[PDB]
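Student: Provided herewith is a single structure, encoded as structure tokens, for subsequent inquiry.
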Amino acid sequence: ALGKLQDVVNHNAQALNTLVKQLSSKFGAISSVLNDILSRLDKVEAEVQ
Amino acid sequence: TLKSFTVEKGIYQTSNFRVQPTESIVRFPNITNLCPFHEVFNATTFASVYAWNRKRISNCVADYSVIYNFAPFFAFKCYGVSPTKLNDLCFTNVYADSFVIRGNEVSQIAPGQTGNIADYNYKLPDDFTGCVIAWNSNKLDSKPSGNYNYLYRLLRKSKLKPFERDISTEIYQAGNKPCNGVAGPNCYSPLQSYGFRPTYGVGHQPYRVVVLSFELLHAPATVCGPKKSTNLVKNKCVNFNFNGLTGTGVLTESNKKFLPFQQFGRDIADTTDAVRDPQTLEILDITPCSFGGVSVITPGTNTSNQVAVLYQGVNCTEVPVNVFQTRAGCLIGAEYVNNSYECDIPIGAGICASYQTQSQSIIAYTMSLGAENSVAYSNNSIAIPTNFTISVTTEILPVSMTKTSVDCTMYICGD
Amino acid sequence: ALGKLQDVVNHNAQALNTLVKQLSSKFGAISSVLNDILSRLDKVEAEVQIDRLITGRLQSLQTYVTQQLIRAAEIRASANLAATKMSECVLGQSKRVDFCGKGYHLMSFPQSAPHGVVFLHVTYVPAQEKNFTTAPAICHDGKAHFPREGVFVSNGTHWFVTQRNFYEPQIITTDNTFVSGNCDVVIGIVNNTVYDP
Amino acid sequence: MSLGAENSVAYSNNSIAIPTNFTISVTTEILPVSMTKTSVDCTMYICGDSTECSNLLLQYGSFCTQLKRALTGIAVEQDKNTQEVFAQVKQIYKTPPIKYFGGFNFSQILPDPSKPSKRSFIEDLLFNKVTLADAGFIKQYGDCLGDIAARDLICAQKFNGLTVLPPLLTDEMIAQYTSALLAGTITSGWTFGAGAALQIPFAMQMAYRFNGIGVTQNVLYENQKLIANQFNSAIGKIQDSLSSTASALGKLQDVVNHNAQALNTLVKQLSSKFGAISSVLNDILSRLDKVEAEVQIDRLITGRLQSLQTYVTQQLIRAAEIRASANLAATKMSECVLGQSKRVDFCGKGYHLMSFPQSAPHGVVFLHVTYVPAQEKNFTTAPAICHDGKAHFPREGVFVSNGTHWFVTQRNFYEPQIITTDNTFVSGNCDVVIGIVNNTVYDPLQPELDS
Ligand SMILES: *[C@@H]1O[C@H](CO)[C@@H](O)[C@H](O)[C@H]1NC(C)=O
Ligand SMILES: *[C@@H]1O[C@H](CO)[C@@H](O)[C@H](O)[C@H]1NC(C)=O
Ligand SMILES: *[C@@H]1O[C@H](CO)[C@@H](O)[C@H](O)[C@H]1NC(C)=O
Ligand SMILES: *[C@@H]1O[C@H](CO)[C@@H](O)[C@H](O)[C@H]1NC(C)=O
Ligand SMILES: *[C@@H]1O[C@H](CO)[C@@H](O)[C@H](O)[C@H]1NC(C)=O
Ligand SMILES: *[C@@H]1O[C@H](CO)[C@@H](O)[C@H](O)[C@H]1NC(C)=O
Ligand SMILES: *[C@@H]1O[C@H](CO)[C@@H](O)[C@H](O)[C@H]1NC(C)=O
Ligand SMILES: *[C@@H]1O[C@H](CO)[C@@H](O)[C@H](O)[C@H]1NC(C)=O
Ligand SMILES: *[C@@H]1O[C@H](CO)[C@@H](O)[C@H](O)[C@H]1NC(C)=O
Ligand SMILES: *[C@@H]1O[C@H](CO)[C@@H](O)[C@H](O)[C@H]1NC(C)=O
């Protein structure tokens, strides 16, 4: 019977979960970790990534 | 604009109008010297890697096409400016460097580069503009016994800043024991010769490198390119060129008080507002030329092929890119009558237009809110109805819309 | 008359039309056709062009979904209003002014329409007014008589009591009047007689 | 934080509290109706009379067509909101030249014909309270041409392809609509909202309003001077509250502030580099060759396109919010001004009698006249009265006792009367009602028959 307030809770949980999961993407770069980009490349290529 | 052959009654925004500039204005400071590039590129021996020279170049016209006739170089590699368009803009400081390096460290001269020359001998800044003339020197920097006239340093205790020198020679120590000027245990002199020989590989041949550096227009200009100046005219939509910046606007006189070290004036959107003439000490404002939007007012194509044009938000004494000035610009093609009807086509602040017979024509009018009524009020008078009517009224409300679905893999990619 | 449902149809047609038409743009690549890029180039350069195409088509799809969400919010607000009007006009009688039609609301009849609903609002409209002279009370034997429901009106010689929304004049009687006070406090009280049955 | 004072009402099963006086209160509700209409040119904003930038901008398809369509839909919707709120009357009703409405003083909401713009005193105060941003409803290119002091914010806003369209209805027409609604409400009551305007004296109309909320009409005819004095004092208090505090109009000022701030951010975003080597487009054109400047211009085009899309999206969401507020304001105009509302806390706080609209910048202001009970007293009450083996219930009202005698009185005002068969009805015997008391019931026929 109380599905509306549960949906209000679940939507705001799921949006923050998706925002956390979006950090794992590469977006066309060579690595999803910023430190490995900074340590594995020169200035220009790491600046592009 | 509507992608159709029949339009309906209404007002449609079609395009925009821009007042075109007529003349071209070129302004440059007056200099007659030529920058002596011929005296730098040819020498018996260049400076060392650690003792590279600096030449201050200013107040001269520099023709950069003569650099191709002084050296047979392969790569004219540049970063912040293209090599074919140095004759148009102007600068404020030009540098010059000269050193001779090995063939395996030619690519070490780069912004954001590390290594041996780029870390301890010759470091360029990350925001470097201007570029480098580099060519092979196996003809003049080679001996059968070897060339020992050039020195390089192996390493030092820390990193080295861009545009920094190191002339003094000290014995390096990597321990607690003192060297005391004698290259003993953990004591080595950091200077050794290149030893240029023709019996080595293709990657170790000597090279001649000349580096030029530019400074952007953050100051009054001294160095310019070969470009004829132009007389100054004002109060007219022109194409000015003030010391290498292009633009379009109406140059006027100014009442702004400028400090003696000031020559520019910027906006919030980083757009030039005022400018200083390089010839005379006068400050000119920059205001862009007139523009706006164009709205076409028509009835349907089944009724007429006549239109009326509204140029939005302009005082239209400057209209050539029935003329009646409204608050929303001015209206061309429709005449203003001293009547008041219902609003057919809305134009602007209280003005509407329609298609009436007084021969058919498009007219503009001030819209009427309603019929004037004055109900008789009295303190001992009432009005009571004696009959009635029954009325049926239709009200329409949307409820749902079209449900759609998408497939990303077939929309973006398509199997 | 039915421009709102027609606009509802036209917006959903136009959004899909421009979403299909956005597949012809190059978005900085060499071609808008993926097979031409895949056949005309090696792996790395085609990967660059496919990255540009993917970015452009993802941006267009996100714009479409955001516009559809805003339009769905507006449509849901209109559907809530239509459900309230179905509950309050059809299923009862509404006292709210200019709700359920202009006038005094009597009935309503739902009618189905494409992507919507149509209400036929039956209302009562008074037609033929007539001037009368009126008074707030009637002074009779030192007493102030106020009407229980209605209004005192006069045609010039006789005073009657009648209802507010129709002219049904009746003789002033103690059955349709009540008394509270005397004739020294009401402003505008007039002199007449009150019939006792 | 404190939720409020602690109260303990004395509930009992034979105790009632009935007010003996009242007070007339005029409140104030402020609602936004419409916001600023804007139109943005893409080619002047992103590129700015650069042909190469336009050529690379044409490769992104039809983004700018749908941004232009969205802004046009917002600009049409704003005029629709103002039309559906204010243009509800069919004729421009005129107030009579006399100034007697039963003692009620309406001279500070009726218009003043001495000034050119026919606006009232409260309308002038509400227009002076909100500081206008000097928008594009007046053309300003002649002022932007003549450079006085420094560069204005509005000139630098308009120089980058941002245009503000004037509203269709001027403030004179909004004030004329408000004057027509006020004249119709004062003269004809609620009769002008359901057909023709039927005139009625204002005291009798106010007695109809009192009869609507459950108070008999002789209360007004006995307390007309007191109620008129209370209304005039409430109107003067409204004037003092609007002259003293300027923070009551925060919603319209919030609308103005957001409409200025969005355009300020849109202008400020033109100075960013977005990864390019420079933000000025002419420097990139005059410094580099074709391909590398095409790369830099591509970066600038993508950044400015993203900023313009963000501006259009937040304008769409704000337009939806303003449209919901305008629907509420239209409902309040149709139900408070054009009638009398029985809905609780709609149309003010209390028992609703009248309402008077006033025009404001980007909105409307309502003056809700209400009825508030003032001075209560304790009484002993009963559900029914037993008499001759019959239970008597009141027709309209409540049985009260002052300690020795039983009376019948109405609900919202203490006007006790003798318990009589005229104001009571009989239903059943006395064995079914819990709490029935013993008293006599007067018969008017008995002394008339014996005389
Ligand atoms: C440049 O022009 C100014 C004014 O015309 C003049 O005073 C100055 O001597 C000129 N300088 C040269 C080097 O011609
Ligand atoms: C090199 O420059 C000098 C002037 O410094 C000139 O005399 C000589 O002819 C030049 N040589 C060549 C090969 O260009
Ligand atoms: C702007 O238009 C008004 C309209 O009458 C005119 O009076 C005024 O002179 C115009 N300003 C100019 C031409 O600078
Ligand atoms: C009632 O109206 C008449 C006619 O306008 C006026 O002379 C009279 O003064 C009014 N009554 C009062 C009490 O003002
Ligand atoms: C009532 O009296 C007014 C004022 O004399 C007059 O204008 C009107 O025509 C009369 N009749 C009706 C039906 O209102
Ligand atoms: C009504 O009649 C009373 C006496 O019955 C008299 O005193 C009073 O003046 C009359 N009022 C009018 C308005 O004629
Ligand atoms: C009525 O209230 C009194 C005290 O307030 C209580 O003692 C009594 O039980 C109540 N009556 C009934 C029927 O419960
Ligand atoms: C209404 O009030 C104003 C000031 O509040 C006053 O000047 C005016 O005289 C009043 N009206 C009457 C009829 O007294
Ligand atoms: C009524 O009675 C309560 C408690 O019996 C008391 O607190 C209150 O002051 C009395 N008077 C009024 C006017 O409520
Ligand atoms: C009221 O009177 C009747 C008879 O007169 C009596 O039977 C009854 O008890 C009385 N009620 C109370 C509450 O005493």
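Every chain in the structure tokens takes a letter, A first, then B, and so on in the order presented; its residues are numbered from 1, and the ligands are numbered from 1 following the presented order.
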Write out as a ChimeraX atom specification each polymer residue whose atoms come within 6 Å of residue 209 (chain D), counting only C-alpha atoms; drop sequence neighbours fewer than 3 positions from it.
Tutor: /D:206,212,353
Student: Give me the residues within 10 Å of region 66-80 of chain C as JSON, numbers by chain, counting only C-alpha atoms and dropping any in the same chain fewer than 2 places off.
Tutor: {"B": [397, 398, 399, 400, 401, 402, 403, 404], "C": [8, 11, 12, 15, 61, 62, 63, 64, 82, 83, 84, 85, 86, 116, 117], "D": [70, 313, 316, 317, 320, 323, 324]}
Student: Using DSSP on the backbone coordinates, identify the residues of region 28-109 of chain C assigned to strand (DSSP E); present them as a ChimeraX atom specification.
Tutor: /C:104-109
Student: Let's have the selection written as a PDB file, in the first residue's frame, with N, CA and C atoms.
Tutor:
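New file selection.pdb:
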ATOM      1  N   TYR C 104     -23.911  29.166 -13.861  1.00  0.00           N
ATOM      2  CA  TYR C 104     -24.202  28.336 -12.700  1.00  0.00           C
ATOM      3  C   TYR C 104     -24.295  26.889 -13.163  1.00  0.00           C
ATOM      4  N   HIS C 105     -23.393  26.048 -12.664  1.00  0.00           N
ATOM      5  CA  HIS C 105     -23.229  24.702 -13.195  1.00  0.00           C
ATOM      6  C   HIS C 105     -24.411  23.812 -12.836  1.00  0.00           C
ATOM      7  N   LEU C 106     -24.894  23.055 -13.821  1.00  0.00           N
ATOM      8  CA  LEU C 106     -25.958  22.086 -13.604  1.00  0.00           C
ATOM      9  C   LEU C 106     -25.488  20.653 -13.818  1.00  0.00           C
ATOM     10  N   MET C 107     -24.993  20.320 -15.010  1.00  0.00           N
ATOM     11  CA  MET C 107     -24.586  18.957 -15.334  1.00  0.00           C
ATOM     12  C   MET C 107     -23.326  19.011 -16.184  1.00  0.00           C
ATOM     13  N   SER C 108     -22.786  17.837 -16.497  1.00  0.00           N
ATOM     14  CA  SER C 108     -21.696  17.711 -17.452  1.00  0.00           C
ATOM     15  C   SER C 108     -21.725  16.314 -18.045  1.00  0.00           C
ATOM     16  N   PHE C 109     -21.222  16.199 -19.270  1.00  0.00           N
ATOM     17  CA  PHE C 109     -21.256  14.952 -20.023  1.00  0.00           C
ATOM     18  C   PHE C 109     -19.879  14.699 -20.617  1.00  0.00           C
TER      19      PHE C 109
END
Student: Which neighbours of region 49-59 of chain D fall inside 7 Å, counting only C-alpha atoms, when residues of the same chain fewer than 4 positions from it are skipped, and could you give them as a list in words?
Tutor: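 Once the adjacent positions are removed, what remains is residues 25, 26, 27 and 28 of chain C; 43, 44 and 297 of chain D.
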Student: Taking only C-alpha atoms and all ligand atoms and a cut-off of 8 Å, can you tell me which residues surround ligand 7, written as an MDAnalysis selection string?
Tutor: chainID D and resid 11:14 434:435
Student: Take the residues that were just selected and, keeping C-alpha atoms, output them as an mmCIF file, in the first residue's frame.
Tutor:
data_model
loop_
_atom_site.group_PDB
_atom_site.id
_atom_site.type_symbol
_atom_site.label_atom_id
_atom_site.label_comp_id
_atom_site.auth_asym_id
_atom_site.auth_seq_id
_atom_site.Cartn_x
_atom_site.Cartn_y
_atom_site.Cartn_z
ATOM 1 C CA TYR D 11 -12.842 19.962 26.317
ATOM 2 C CA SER D 12 -15.983 18.807 28.097
ATOM 3 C CA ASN D 13 -19.123 16.938 27.095
ATOM 4 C CA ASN D 14 -21.510 19.755 28.035
ATOM 5 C CA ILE D 434 -27.861 10.966 25.278
ATOM 6 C CA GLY D 435 -27.617 14.210 27.229
#
Student: Neighbours of ligand 6 within 12 Å, counting only C-alpha atoms and all ligand atoms, as a PyMOL selection string?
Tutor: chain C and resi 135+137-144+182-184+186-193
Student: Would you export the selected residues with C-alpha atoms as a tab-separated table (two decimals), in the first residue's frame, please?
Tutor:
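Okay, this is what ended up in part.tsv:
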chain	number	residue	atom	x	y	z
C	135	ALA	CA	-34.57	48.21	0.79
C	137	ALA	CA	-35.46	45.93	5.83
C	138	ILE	CA	-39.13	46.76	6.42
C	139	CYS	CA	-40.29	48.82	9.40
C	140	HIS	CA	-43.64	47.60	10.74
C	141	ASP	CA	-45.02	48.46	14.21
C	142	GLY	CA	-41.60	49.55	15.43
C	143	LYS	CA	-39.93	46.32	14.29
C	144	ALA	CA	-37.37	45.55	11.59
C	182	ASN	CA	-36.27	47.97	15.85
C	183	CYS	CA	-36.21	50.72	13.21
C	184	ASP	CA	-33.51	52.90	14.82
C	186	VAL	CA	-30.70	49.92	10.15
C	187	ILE	CA	-29.72	52.47	7.50
C	188	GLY	CA	-32.30	52.68	4.72
C	189	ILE	CA	-35.21	50.84	6.36
C	190	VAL	CA	-38.53	51.79	4.76
C	191	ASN	CA	-42.13	51.82	6.01
C	192	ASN	CA	-44.58	49.13	4.91
C	193	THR	CA	-47.08	46.62	6.28
Student: Leaving out residue 234 (chain D) and any residue of its chain fewer than 6 positions from it, which residues lie within 12 Å of it when counting only C-alpha atoms, given as a list in words?
Tutor: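 Answer for this query is residues 23, 24, 25, 26, 27, 28, 104, 105, 106, 108, 227, 228, 240, 241, 367, 368, 369 and 370 of chain D.
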Student: Could you write out as a PyMOL selection string the residues of chain A within 12 Å of chain D, counting only C-alpha atoms?
Tutor: chain A and resi 44+47-48
Student: If you run DSSP on the backbone here, which positions in region 192-305 of chain D get alpha helix (DSSP H)? Please write them as a PyMOL selection string.
Tutor: chain D and resi 202-212+218-222+224-244+250-268+281-287+290-305
Student: Which chain B residues have any atom within 6 Å of an atom of chain D, and for each, what is the nearest pair of atoms with distance in Å to one decimal, counting only C-alpha atoms, rows sorted by chain and number, as JSON lines?
Tutor:
{"residue": "B:81", "atom": "CA", "partner": "D:288", "partner_atom": "CA", "distance": 5.3}
{"residue": "B:82", "atom": "CA", "partner": "D:288", "partner_atom": "CA", "distance": 4.8}
{"residue": "B:269", "atom": "CA", "partner": "D:271", "partner_atom": "CA", "distance": 4.8}
{"residue": "B:270", "atom": "CA", "partner": "D:271", "partner_atom": "CA", "distance": 5.3}
{"residue": "B:313", "atom": "CA", "partner": "D:139", "partner_atom": "CA", "distance": 5.5}
{"residue": "B:348", "atom": "CA", "partner": "D:168", "partner_atom": "CA", "distance": 5.2}
{"residue": "B:349", "atom": "CA", "partner": "D:168", "partner_atom": "CA", "distance": 4.7}
{"residue": "B:350", "atom": "CA", "partner": "D:169", "partner_atom": "CA", "distance": 5.4}
{"residue": "B:370", "atom": "CA", "partner": "D:91", "partner_atom": "CA", "distance": 4.9}
{"residue": "B:371", "atom": "CA", "partner": "D:91", "partner_atom": "CA", "distance": 4.9}
{"residue": "B:372", "atom": "CA", "partner": "D:92", "partner_atom": "CA", "distance": 5.0}
{"residue": "B:373", "atom": "CA", "partner": "D:93", "partner_atom": "CA", "distance": 4.8}
{"residue": "B:374", "atom": "CA", "partner": "D:94", "partner_atom": "CA", "distance": 4.8}
{"residue": "B:379", "atom": "CA", "partner": "D:201", "partner_atom": "CA", "distance": 4.8}
{"residue": "B:382", "atom": "CA", "partner": "D:200", "partner_atom": "CA", "distance": 4.8}
{"residue": "B:383", "atom": "CA", "partner": "D:198", "partner_atom": "CA", "distance": 5.1}
Student: Keeping only N, CA and C atoms, write the selected residues to a file as an mmCIF file, in the first residue's frame.
Tutor:
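Final output, result-v7.cif:
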data_model
loop_
_atom_site.group_PDB
_atom_site.id
_atom_site.type_symbol
_atom_site.label_atom_id
_atom_site.label_comp_id
_atom_site.auth_asym_id
_atom_site.auth_seq_id
_atom_site.Cartn_x
_atom_site.Cartn_y
_atom_site.Cartn_z
ATOM 1 N N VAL B 81 51.798 28.848 -33.205
ATOM 2 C CA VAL B 81 51.548 29.710 -34.355
ATOM 3 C C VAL B 81 51.928 28.938 -35.614
ATOM 4 N N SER B 82 51.175 29.161 -36.690
ATOM 5 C CA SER B 82 51.538 28.503 -37.938
ATOM 6 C C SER B 82 52.602 29.315 -38.668
ATOM 7 N N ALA B 269 32.730 39.246 -21.305
ATOM 8 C CA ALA B 269 32.907 38.094 -22.178
ATOM 9 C C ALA B 269 34.268 38.074 -22.874
ATOM 10 N N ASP B 270 35.247 38.831 -22.352
ATOM 11 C CA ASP B 270 36.608 38.953 -22.899
ATOM 12 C C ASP B 270 36.598 39.430 -24.352
ATOM 13 N N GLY B 313 13.532 45.203 -32.475
ATOM 14 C CA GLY B 313 14.376 45.976 -31.582
ATOM 15 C C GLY B 313 15.389 46.890 -32.236
ATOM 16 N N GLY B 348 3.710 42.952 -30.800
ATOM 17 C CA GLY B 348 4.542 43.438 -29.721
ATOM 18 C C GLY B 348 3.752 44.033 -28.582
ATOM 19 N N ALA B 349 4.231 45.143 -28.032
ATOM 20 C CA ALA B 349 3.656 45.733 -26.824
ATOM 21 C C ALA B 349 2.353 46.441 -27.170
ATOM 22 N N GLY B 350 1.272 45.667 -27.241
ATOM 23 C CA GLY B 350 -0.050 46.203 -27.476
ATOM 24 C C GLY B 350 -0.431 46.415 -28.923
ATOM 25 N N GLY B 370 -11.949 45.231 -24.648
ATOM 26 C CA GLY B 370 -13.343 44.849 -24.593
ATOM 27 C C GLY B 370 -14.226 46.063 -24.757
ATOM 28 N N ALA B 371 -15.529 45.798 -24.786
ATOM 29 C CA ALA B 371 -16.506 46.867 -24.924
ATOM 30 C C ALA B 371 -16.608 47.668 -23.633
ATOM 31 N N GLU B 372 -16.781 48.978 -23.771
ATOM 32 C CA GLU B 372 -16.885 49.858 -22.614
ATOM 33 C C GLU B 372 -18.282 49.755 -22.017
ATOM 34 N N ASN B 373 -18.356 49.494 -20.717
ATOM 35 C CA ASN B 373 -19.624 49.360 -20.017
ATOM 36 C C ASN B 373 -19.573 50.144 -18.718
ATOM 37 N N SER B 374 -20.704 50.745 -18.354
ATOM 38 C CA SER B 374 -20.823 51.528 -17.122
ATOM 39 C C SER B 374 -22.151 51.138 -16.479
ATOM 40 N N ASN B 379 -27.792 53.274 -4.435
ATOM 41 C CA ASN B 379 -27.964 52.746 -3.091
ATOM 42 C C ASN B 379 -29.402 52.360 -2.752
ATOM 43 N N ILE B 382 -31.796 47.802 -7.589
ATOM 44 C CA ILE B 382 -31.351 46.439 -7.853
ATOM 45 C C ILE B 382 -31.877 46.027 -9.223
ATOM 46 N N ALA B 383 -31.233 45.028 -9.825
ATOM 47 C CA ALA B 383 -31.667 44.450 -11.089
ATOM 48 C C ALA B 383 -31.782 42.941 -10.932
#
Student: Using only C-alpha atoms and all ligand atoms, which residues have at least one atom no more than 9 Å from ligand 10? Output them as a PyMOL selection string.
Tutor: chain D and resi 386-389+430+435-439
Student: How would you report the residues lying within 8 Å of ligand 9, as a ChimeraX atom specification, if you count only C-alpha atoms and all ligand atoms?
Tutor: /D:9-10,17,375-378
Student: Give me, as JSON, numbers by chain, the contact residues of chain A against chain B at a cut-off of 12 Å, counting only C-alpha atoms.
Tutor: {"A": [41, 42, 43, 44, 45, 46, 47]}
